[PDB]
A.B. asks: 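Encoded as structure tokens, here's the structure I'll be asking about.
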Amino acid sequence: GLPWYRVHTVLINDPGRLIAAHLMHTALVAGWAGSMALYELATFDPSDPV
Amino acid sequence: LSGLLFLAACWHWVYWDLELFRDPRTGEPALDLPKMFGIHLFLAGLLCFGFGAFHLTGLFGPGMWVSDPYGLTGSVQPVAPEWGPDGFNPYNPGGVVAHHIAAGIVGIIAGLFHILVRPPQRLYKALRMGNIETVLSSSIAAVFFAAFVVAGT
Amino acid sequence: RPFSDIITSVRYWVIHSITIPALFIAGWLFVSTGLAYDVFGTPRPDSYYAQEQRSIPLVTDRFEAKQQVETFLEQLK
Amino acid sequence: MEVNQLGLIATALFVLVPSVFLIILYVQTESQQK
Amino acid sequence: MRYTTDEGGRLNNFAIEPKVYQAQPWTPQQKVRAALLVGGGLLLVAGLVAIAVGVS
Amino acid sequence: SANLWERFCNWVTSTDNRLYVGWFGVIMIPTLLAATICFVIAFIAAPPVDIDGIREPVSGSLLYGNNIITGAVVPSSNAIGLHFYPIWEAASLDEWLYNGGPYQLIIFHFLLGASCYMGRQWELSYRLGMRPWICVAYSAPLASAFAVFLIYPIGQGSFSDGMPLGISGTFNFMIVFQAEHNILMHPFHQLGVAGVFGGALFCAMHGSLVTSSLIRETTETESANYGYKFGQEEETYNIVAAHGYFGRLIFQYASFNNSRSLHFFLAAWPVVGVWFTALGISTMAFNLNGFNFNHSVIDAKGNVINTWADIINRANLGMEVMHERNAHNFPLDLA
Amino acid sequence: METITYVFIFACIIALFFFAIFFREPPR
Amino acid sequence: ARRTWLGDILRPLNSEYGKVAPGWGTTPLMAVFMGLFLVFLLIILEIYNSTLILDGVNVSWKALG
Amino acid sequence: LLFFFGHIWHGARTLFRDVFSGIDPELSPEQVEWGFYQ
Amino acid sequence: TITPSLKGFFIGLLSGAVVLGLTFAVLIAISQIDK
Amino acid sequence: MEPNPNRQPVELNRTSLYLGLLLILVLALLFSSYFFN
Amino acid sequence: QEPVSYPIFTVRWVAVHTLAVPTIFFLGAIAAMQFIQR
Amino acid sequence: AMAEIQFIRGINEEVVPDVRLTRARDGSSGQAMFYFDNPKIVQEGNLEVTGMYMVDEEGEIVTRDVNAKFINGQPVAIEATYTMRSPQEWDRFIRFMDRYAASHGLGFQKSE
Amino acid sequence: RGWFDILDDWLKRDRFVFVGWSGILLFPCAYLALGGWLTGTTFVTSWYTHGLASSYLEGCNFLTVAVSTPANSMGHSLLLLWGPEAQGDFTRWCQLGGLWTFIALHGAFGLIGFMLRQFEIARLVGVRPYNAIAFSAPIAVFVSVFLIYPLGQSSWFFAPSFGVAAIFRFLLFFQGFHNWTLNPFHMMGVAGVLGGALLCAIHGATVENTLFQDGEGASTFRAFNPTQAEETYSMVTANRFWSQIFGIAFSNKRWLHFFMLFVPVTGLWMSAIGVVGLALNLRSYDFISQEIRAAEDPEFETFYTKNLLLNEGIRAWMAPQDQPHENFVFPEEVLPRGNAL
Ligand code: CLA
Ligand code: CLA
Ligand code: CLA
Ligand code: CLA
Ligand code: CLA
Ligand code: CLA
Ligand SMILES: C=Cc1c(C)c2cc3nc(c4c5[nH]c(cc6nc(cc1[nH]2)C(C)=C6CC)c(C)c5C(=O)[C@@H]4C(=O)OC)[C@@H](CCC(=O)OC/C=C(\C)CCC[C@@H](C)CCC[C@H](C)CCCC(C)C)[C@@H]3C
Ligand SMILES: CC(C)=CCC/C(C)=C/CC/C(C)=C/CC/C(C)=C/CC/C(C)=C/CC/C(C)=C/CC/C(C)=C/CC/C(C)=C/CC/C(C)=C/CC1=CC(=O)C(C)=C(C)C1=O
Ligand SMILES: CCCCCCCCCCCCCCCC(=O)OC[C@H](COP(=O)(O)OC[C@@H](O)CO)OC(=O)CCCCCCCCCCCCCCC
Ligand SMILES: CC1=C(/C=C/C(C)=C/C=C/C(C)=C/C=C/C=C(C)/C=C/C=C(C)/C=C/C2=C(C)CCCC2(C)C)C(C)(C)CCC1
Ligand SMILES: CC1=C(/C=C/C(C)=C/C=C/C(C)=C/C=C/C=C(C)/C=C/C=C(C)/C=C/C2=C(C)CCCC2(C)C)C(C)(C)CCC1
Ligand SMILES: [Cl-]
Ligand SMILES: [Mn+2]
């Protein structure tokens, strides 16, 4: 039945799956931090800072 | 860190039926929201205290980034805390060290408090606690308050 | 109670046809005696400019602001 | 004039990703009836 | 569980909230089990203002 | 066959057609179809159009280096004035493209077609036997288009003073118009602004109030058609906090207590508004400008005091001098 | 580069018009 | 359900679940902490804004001097 | 500024919960019907 | 020691205290007469 | 595992596709001018 | 709504007197401003 | 009577509804559905409805959420709903309904 | 019953106008803002903070008066009366533009009280609070343009002054410096507001012409005012007309009245995003391709380059006395002119 703006309302009545989702969001955030780090260490120039 | 988190997330999705999350007098899921906020406030407070007292101070950590007014010679150095009325100078590093110690102690105090007192009835019925959708309501307000003030700072 | 009935009730008339003119006249004298200009700090229309100056009074410091206005007003600007 | 090589990739992704998302939901709920 | 919204034949879900319950005055076991925690708290915050005085 | 005319009249006036094609519609499809085919070809690929008659052109086409926002169909040359300029009055195809021919084709067919749309509206509503007044509410955008595309050009003396058909072209027209006539201080433009903000506002109010009161709606459906009992359930109570605000403002201003004045008022507001500004644009076509104040405050020393009106006059002057390549000796002008 | 992208997006709007008129969902 | 060791250890930590101390409780005590916090926010807002000047504090970059 | 709209939407959905759904969580689901008919 | 702006803040919170004290005081009084 | 009891399906009917696709393709036409610069 | 007896202070009473008295003072101000010679 | 139902204060509704009285999991809560078949307020009037007031010698039970049914623009029925969330409120409603059904008629049923 | 409950019930009594808890913040703040503007357009000067005249006392008509912003030399000051710049002196406080901040902040609190009033009324009646949600569009607009934007510029001087001509000046200033019409978020806003007015007119007309019993000696009487309508017409008629003219129609009334709510509200939200972008002076002024082509080739003219020339003019001829605290003086051989091109 659910519209496209009610799909994550099936976690409301069980915490186990809610925590699965929350752990997942956290994985993505740490991954983005690391991946973005590595990427701009490939474009940073340390010879001249001034 | 992401790899480990992805695995634990998988673990918590396949195993979803754990009686901890149920309450067994009626066998249907519920949380104990005041107790949760208290536990996590205790953790938040102790981490804030540790971060201020060991990392920022340079007591065992490296300290923080300090500069001169014109930003010519800046470097990483220890910082002493400052609790006088010059600690609310928002261009004084010391105010930041003072804040994390102090805020941490408030966190410990309040965190213990919320384990050892239950809510009163008038608030529990007013703010409609026991409904996980109200915790979210409060958190969004806090989170956008924080974003606005860091945008300005 | 409809407003029409209390507006043409004798209790209204006996006090209010005495107080209404008093308010109108109090406003009229607040302007006509020159006082309106002295309370809200609005300049008189012969005096926006000093004799010496052809430049506008303009504020340039926030903590010595009232000082700068006090100075601008003595030179009749 | 200099037209970006990456302006084209933004355009391409901007349309193609949401369109295939909605289309997959639609065919999924059509096989829900039949 | 929640079966809702025949507007388009649709679904919407909402929380199941626990029942309210007026507390019972504490047993002496509950008092002494609580006493350990608050006493621990007292000395813990004392010790941290102590570390705070040292690091300045 | 039954001899094609009888079949043809049934075909045209049928209301079992998926899209009604009336007798207004019979004029409407060729005109609108010509207008749009010419428009898209011209927008993409019409070569630059000289617009001041000095042999310096402006590019509005997309294959000549524009994007969606900077492109336009550029108006007719200033040399032409208000002359009717069909393609057989030119002597070559390239010079008809160089003088801005197509723009006139588009707008003439567009106004014919958009009028026939109103006609087609009136006719269909007459066939179903309902109060035919959807058409008078549409007559407001239609009045507006006459005012902006046909009348202000005629009043000024040329179709070179028309609105370009493009995104940045409209912005250019608006800014230059404010520069020459001071539209903001024209009270009719103010009525126009009021009308469209108030329309948007009453749209949000009406929608919000109605969707809070509806409960469930269902009407019986068959395997070929619809039912005859439209079921509807709503809330039927309100409080005295929408009685000092809504009740004794609306019962007093609508001049009725009846609910049927709601939907009458909803459409009246923006329609009146857009008529008023549509009228105003035409009065400036004969150069009746809006209020402007210069030197409305002077002190008793004989020195001038400025006010906000004078700042707007400065900004207007700034725009207006930039618009004038033609000469630096211009004292008092237009048209 | 840019103009092909522009006309392609245009073309699929007008196609979507055609689809909305002659293939609407039968409401039952 | 899935009987498991860490779940049984954490079991007594989620076992009150809707219990409340009668009536108003410490609402009047909350209001005291609440008000103090608002007054604190005003003090540290006006110091930043240079509307409250407290001698010996200089709100500029030149305090890293 | 977007999290502002977020805040009001969720703040509404928790206080007006009893009207967004027809049922009240105060009531435990209904188990047995009584009538009243002439 | 006290600076003038600090007195000004003290003035400020004292007028704040007064005006809310009054508003709730008269509303509590007005409500509890005609209850 | 044992089936989740909170499993519900997800809907999207044709007219929502039409509307949604219109919005996607239209939004692309507005912002593509700025992406290409 | 508000009792017909109407004691001297009433929610209605203050509402119509905080929009009556300043306006009669202010219209008397503006009227006087009309006869000021520029 | 010694119990009656009004939708507007000061005048009585003179049409008698059918009532579903549902019991929650053993009685501390429940909810009552009234169905009114073409009441007098639905035929005539211009006074704003403000909930349903169940008035009797013991006071008032005031409830909102009164709905109407319109068919082709004709209002034909009113639905009203009251919810009981304390045993006090619940047994209170049963006593009011006993006084109402006794004074306006007629029987009462139950099904298990 | 305790004193809190007696007080609470008395605030929720049946009156001509509802007061409620939200009224307690609403009515003082709104009244004082409204009176503050009324006494400012009537007595208070602007002669020391802009060198302009904008008062009936100074002699001006309805359209050219304003309550005007403070100077640029005041920074981001709150301008309290007891603060260290007016130091408790009324005349200085009106002269320095302190009345501007009075209106802005009290009006923000009036708006907060009003959305809370909508919630409170909705909950005691028991309807959904959708009209409060609709009212977040004005608040978005207000807090983005009267509060967030000046807190990004340099002072409250570029905040929009309360007045008719004073806002007309804002429009030209935005048209000239930021080129606001070319920003996409404002494009989306114009479309939304005009679209709201469009749905308003069409709805209003097509409900009026499809009523049940437009003759027949209408035998329906209730009304039932809160319905607003939405059974006094046949939906089937309406659908069947529109589905032939435009080739599409609604078939569900609920979604129509939600679309009407959706359109003008989304419009204002997109524009609110746009102007919080301008606060950091992040604008789209130009397309880089057109500038490089125009630098390489000066036989290139478009309606967009033309806009750039006009904007270039607005700034230089308006600025020296729009921003007098910058003390620009521009010779008349350096001011832009079309005939120099
Ligand atoms: C703009 C309107 C708006 C609306 C509709 C909501 C709605 C709501 N909020 Mg929210 N809130 C808002 C703005 C708003 N909030 C803002 C801007 C903040 C600050 C970030 C908060 C922070 C907040 C929190 C954290 C919580 C709520 C809660 C609530 C809900 C509880 C009941 C209630 O009505 O409280 C409304 C009451 C208030 C908003 C209090 C107003 C306080 C004032 C008048 C302070 C004045 C201070 C001082 C005298 C003057 C300062 C001067 C200044 C220049 C320095 C609720 C309906 C709770 C909730 O989520 O409920 C589910 C909860 O956890 N509110
Ligand atoms: C609902 C009531 C209400 C609200 C919300 C406001 C809101 C506001 N008013 Mg205001 N005002 C009101 C009614 C109200 N007004 C009334 C009725 C009057 C007429 C008498 C005024 C007259 C007035 C003036 C003349 C001015 C304002 C100003 C202000 C604003 C600036 C912020 C400020 O100074 O906060 C003041 C608030 C505080 C300092 C917080 C007080 C907190 C309290 C009560 C707690 C104290 C506890 C304890 C004793 C503290 C111990 C501390 C210790 C431990 C150190 C703010 C917009 C000024 C303004 O807008 O400047 C731009 C301004 O000029 N007000
Ligand atoms: C397990 C510990 C851990 C540690 C030590 C770090 C360490 C680091 N992370 Mg990190 N991170 C972690 C886990 C960790 N990460 C996790 C789990 C996530 C995913 C959610 C991330 C996501 C993350 C991101 C996205 C980023 C980092 C970055 C960084 C690095 C730069 C410093 C910084 O950004 O600090 C700045 C930290 C702050 C400003 C924190 C402010 C905290 C707020 C405002 C809390 C207020 C709420 C509180 C409860 C209020 C009440 C308090 C109460 C006590 C009274 C630092 C090397 C950055 C980087 O360079 O990555 C390469 C970056 O962009 N982290
Ligand atoms: C002796 C101990 C001590 C000391 C020296 C400090 C020192 C500090 N604290 Mg503090 N604090 C302490 C104890 C202490 N704290 C304790 C015990 C608590 C409670 C646990 C707090 C709670 C606290 C809070 C809540 C905050 C601080 C912040 C800060 C610091 C920033 C100063 C600044 O930049 O202002 C910076 C900014 C302001 C003064 C503005 C505040 C704005 C307000 C309150 C309203 C926002 C309104 C609206 C949502 C915004 C719209 C914006 C839009 C118009 C653009 C400073 C380093 C602040 C911080 O981290 O800022 C970055 C902050 O917000 N502390
Ligand atoms: C902060 C956390 C938070 C959380 C946990 C929720 C949780 C929820 N919201 Mg809420 N919401 C939030 C923030 C949040 N929201 C914000 C900031 C707003 C303001 C815009 C809203 C406005 C909102 C509305 C208006 C509604 C919800 C609804 C919902 C529920 C529906 C399911 C869903 O996932 O949508 C399903 C997924 C989509 C709609 C797809 C979104 C595609 C987008 C636009 C983003 C793509 C990814 C993005 C670019 C990643 C970066 C994020 C950025 C913030 C950094 C869900 C329980 C709905 C509800 O209550 O259902 C009953 C409902 O009507 N939310
Ligand atoms: C021709 C078409 C057109 C249209 C349709 C729009 C549409 C819009 N423009 Mg505009 N604009 C245009 C052309 C157009 N623009 C041009 C050519 C320019 C030249 C540069 C501008 C420059 C411009 C600027 C500079 C700004 C806009 C803004 C806006 C938007 C905000 C909504 C609004 O009106 O807020 C109006 C104000 C409000 C909604 C606040 C209402 C506040 C309250 C409720 C006060 C209380 C009222 C009352 C006293 C209470 C009564 C009580 C009583 C009944 C009991 C809207 C999206 C604004 C915007 O997007 O901001 C986000 C903005 O800052 N526009
Ligand atoms: C400039 C255009 C504009 C104005 C003037 C305006 C006005 C208003 N909108 C309201 C509401 C709304 N507006 C809505 C949507 C919209 N509103 C829009 C545009 C506007 N809305 C748009 C475009 C939309 C579409 C999305 C909705 C959905 C609502 C409502 O629900 C609401 C309402 O109740 O409508 C009837 C009213 C709030 C009444 C109230 O109790 O105020 C409370 C505030 C008070 C009493 C005072 C506030 C503070 C003051 C005095 C400061 C401002 C400055 C002064 C007035 C000084 C003069 C300023 C000069 C420029 C003239 C008010 C008449
Ligand atoms: C080669 C070529 C030619 C290239 C193309 C060149 C070109 C110029 C391209 C333009 C691209 C461009 C710049 C686009 C920018 C605009 C853009 C992206 C806008 C959309 C994004 C946006 C603004 C979103 C937020 C605001 C928003 C939601 C606005 C909505 C606007 C909107 C659709 C308004 C409604 C219009 C409309 C006609 C509605 C009529 C509805 C209707 C038929 C109702 C009839 C009806 C009424 C009743 O009352 C009842 C009862 C029934 C039953 C019933 O049926
Ligand atoms: C000032 C402009 C020129 C004069 C007014 C023109 C009104 C045109 C309305 C067009 C709206 C779009 C069509 C949809 C709506 C539509 O179909 O309405 C139709 C309606 C007439 O139909 P009714 O069914 O109401 O009446 C049956 C008639 O046949 C016999 O009475 O029009 C009016 O009543 C117009 C007002 C005349 C009576 C009032 C006096 C005129 C001034 C007051 C109202 C108008 C101005 C102020 C409004 C805020
Ligand atoms: C398993 C494992 C592993 C691996 C893992 C990995 C490999 C990871 C990574 C991860 C990652 C690497 C991730 C990433 C992610 C990302 C993301 C998540 C992103 C997002 C984004 C966004 C969200 C955006 C947005 C936006 C846009 C797009 C535009 C505009 C702006 C914005 C911001 C809006 C290891 C071996 C180690 C260990 C063992 C196990
Ligand atoms: C500032 C201030 C304040 C305040 C004050 C106030 C609060 C005031 C008020 C005031 C007011 C409150 C005023 C009023 C005024 C009004 C008027 C002046 C009116 C007029 C009107 C008329 C004249 C009418 C007209 C019309 C209309 C409206 C519509 C239609 C048309 C006609 C013509 C009929 C305070 C003390 C707090 C503090 C310090 C400062
Ligand atoms: Cl030009
Ligand atoms: Mn011209």
Side-chain angles (χ1 to χ4, degrees), chain A residues 2 6-25, chain B residues 8-40 42-43 114-115 118-119 121 124-125 127-136, chain E residues 1-4 11-24 30 33, chain H residues 1-20, chain I residues 13-14 17 21 23-31, chain K residues 1-8, chain M residues 24-26 28-29 85:
Chain A
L2 302 164
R6 294 197 183 139
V7 292
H8 303 178
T9 63
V10 291
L11 314 177
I12 293 169
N13 302 327
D14 51 345
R17 302 296 186 89
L18 183 51
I19 292 169
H22 285 166
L23 296 153
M24 186 54 51
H25 188 268
Chain B
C10 198
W11 191 97
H12 271 272
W13 187 273
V14 79
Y15 307 101
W16 66 275
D17 197 352
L18 293 91
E19 72 296 313
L20 173 55
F21 311 144
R22 308 295 174 97
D23 287 353
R25 293 296 86 75
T26 178
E28 79 207 302
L31 290 184
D32 192 358
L33 301 185
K35 195 52 72 64
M36 286 167 54
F37 171 60
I39 293 168
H40 288 316
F42 184 80
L43 299 166
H114 296 120
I115 294 169
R118 297 296 293 161
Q121 196 183 332
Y124 203 87
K125 304 299 295 201
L127 317 186
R128 289 190 60 131
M129 315 180 181
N131 177 352
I132 196 65
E133 180 150 45
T134 200
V135 179
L136 181 56
Chain E
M1 290 191 300
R2 327 295 96 166
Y3 284 124
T4 41
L11 281 175
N12 196 342
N13 308 101
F14 308 84
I16 300 158
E17 313 164 319
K19 59 185 299 311
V20 289
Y21 176 68
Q22 305 301 103
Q24 74 291 304
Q30 282 177 292
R33 176 158 56 85
Chain H
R2 264 170 267 253
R3 310 284 297 173
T4 56
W5 167 84
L6 189 57
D8 294 350
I9 297 164
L10 305 169
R11 164 85 286 170
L13 272 74
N14 168 4
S15 75
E16 318 300 358
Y17 57 77
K19 183 166 70 60
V20 292
Chain I
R13 271 185 50 87
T14 185
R17 186 269 190 202
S21 42
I23 62 171
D24 217 343
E26 310 284 285
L27 282 40
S28 278
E30 320 305 299
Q31 311 299 144
Chain K
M1 65 162 284
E2 187 79 63
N4 200 34
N6 308 161
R7 173 76 179 252
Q8 303 302 331
Chain M
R25 184 75 285 176
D26 76 315
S28 52
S29 63
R85 66 196 95 198

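Each chain gets a letter, A, B and so on, in the order its sequence line appears, and its residues count up from 1. All values below were derived from every heavy atom in this structure, side-chain atoms included, with hydrogens, water molecules and symmetry-related copies excluded.
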A.B. asks: With rounding to the nearest 0.5 angstrom, report the CG to CG distance, A/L11 to E/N13.
C.D. replies: 10.0 Å
A.B. asks: Using a strict 4.0 Å threshold on nitrogen-to-oxygen distance, state whether B/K125 and I/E26 make a salt bridge.
C.D. replies: yes
A.B. asks: Compare all side-chain heavy atoms of A/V10 with those of K/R7 and state whether any distance is below 4.5 angstrom.
C.D. replies: no
A.B. asks: Kindly compute the distance separating CG (H/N14) from CE (B/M36), expressed to the nearest 0.5 Å.
C.D. replies: 8.5 Å
A.B. asks: Report yes if some heavy atom in the side chain of B/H12 is under 4.5 Å from a heavy atom in the side chain of A/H22; otherwise report no.
C.D. replies: no
A.B. asks: Between A/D14 (side chain only) and A/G16 (backbone N and O only), is there a donor and an acceptor less than 3.5 Å apart?
C.D. replies: no
A.B. asks: Would B/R22 and B/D17 count as a salt bridge (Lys or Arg N to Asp or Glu O under 4.0 Å) if you check the C-alpha gap in whole Å, the side-chain angles of each, and the deciding distance to 0.1 Å?
C.D. replies: CA-CA 9 Å; B/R22 308 295 174 97; B/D17 197 352; 3.0 Å; yes
A.B. asks: Just so I know, are the side chains of E/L11 and E/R2 near enough to count as touching, which here means a heavy-atom distance under 4.5 Å?
C.D. replies: no
A.B. asks: So B/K35 and B/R118, do their side chains get closer than 4.5 Å, heavy atoms only?
C.D. replies: yes
A.B. asks: Counting only N and O atoms by type, is there a donor-acceptor contact under 3.5 Å from the side chain of B/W13 to the main-chain atoms of A/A21?
C.D. replies: no
A.B. asks: State, to 0.1 Å, how close E/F14 and I/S21 come at their nearest heavy-atom pair, and which atoms those are.
C.D. replies: CE1-CB, 3.8 Å
A.B. asks: Please assess B/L33 against B/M129 for the test side-chain contact (heavy atoms from CB on, under 4.5 Å), listing each intermediate value before the final yes or no.
C.D. replies: CA-CA 8 Å; B/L33 301 185; B/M129 315 180 181; 5.7 Å; no
A.B. asks: For a side-chain contact (heavy atoms from CB on, under 4.5 Å) check, start with the C-alpha distance between B/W16 and K/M1, then their side-chain angles and the critical distance, and finish with the verdict.
C.D. replies: CA-CA 8 Å; B/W16 66 275; K/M1 65 162 284; 4.1 Å; yes
A.B. asks: Evaluate side-chain contact (heavy atoms from CB on, under 4.5 Å) for E/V20 paired with B/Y124, printing each intermediate quantity in order.
C.D. replies: CA-CA 9 Å; E/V20 289; B/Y124 203 87; 3.7 Å; yes
A.B. asks: Within the distance-only criterion (no hydrogens, no angle test), does the side chain of H/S15 pair as donor or acceptor with the backbone N or O of H/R11 below 3.5 angstrom?
C.D. replies: no
A.B. asks: How far apart are the closest heavy atoms of B/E19 and H/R2, and which atoms are they?
C.D. replies: OE1-O, 2.9 Å
A.B. asks: Rounded to the nearest 0.5 Å, what separation is found between the OG1 atom of I/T14 and the CG atom of B/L136?
C.D. replies: 9.5 Å
A.B. asks: Is there a side-chain contact between H/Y17 and B/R25 (heavy atoms, below 4.5 Å)?
C.D. replies: yes
A.B. asks: Tell me, with the steps shown, if H/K19 and E/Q24 meet side-chain contact (heavy atoms from CB on, under 4.5 Å).
C.D. replies: CA-CA 9 Å; H/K19 183 166 70 60; E/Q24 74 291 304; 4.1 Å; yes
A.B. asks: Just by distance, no angles: are the side chains of E/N12 and E/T4 close enough, under 3.5 Å, to form a donor-acceptor pair?
C.D. replies: no
A.B. asks: With rounding to the nearest 0.5 angstrom, report the OG1 to CZ distance, A/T9 to A/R6.
C.D. replies: 8.0 Å
A.B. asks: Mind checking whether M/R25 and I/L27 have side chains closer than 4.5 Å, heavy atoms only?
C.D. replies: no
A.B. asks: Between the main-chain N or O of B/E28 and the side-chain N or O of B/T26, is there a donor-acceptor pair closer than 3.5 Å?
C.D. replies: no
A.B. asks: Does B/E133 offer a backbone N or O that forms a donor-acceptor pair with the side chain of B/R128 under 3.5 Å?
C.D. replies: no
A.B. asks: Look at E/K19 together with B/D23 and state whether they make a salt bridge at an N to O cut-off of under 4.0 Å.
C.D. replies: no
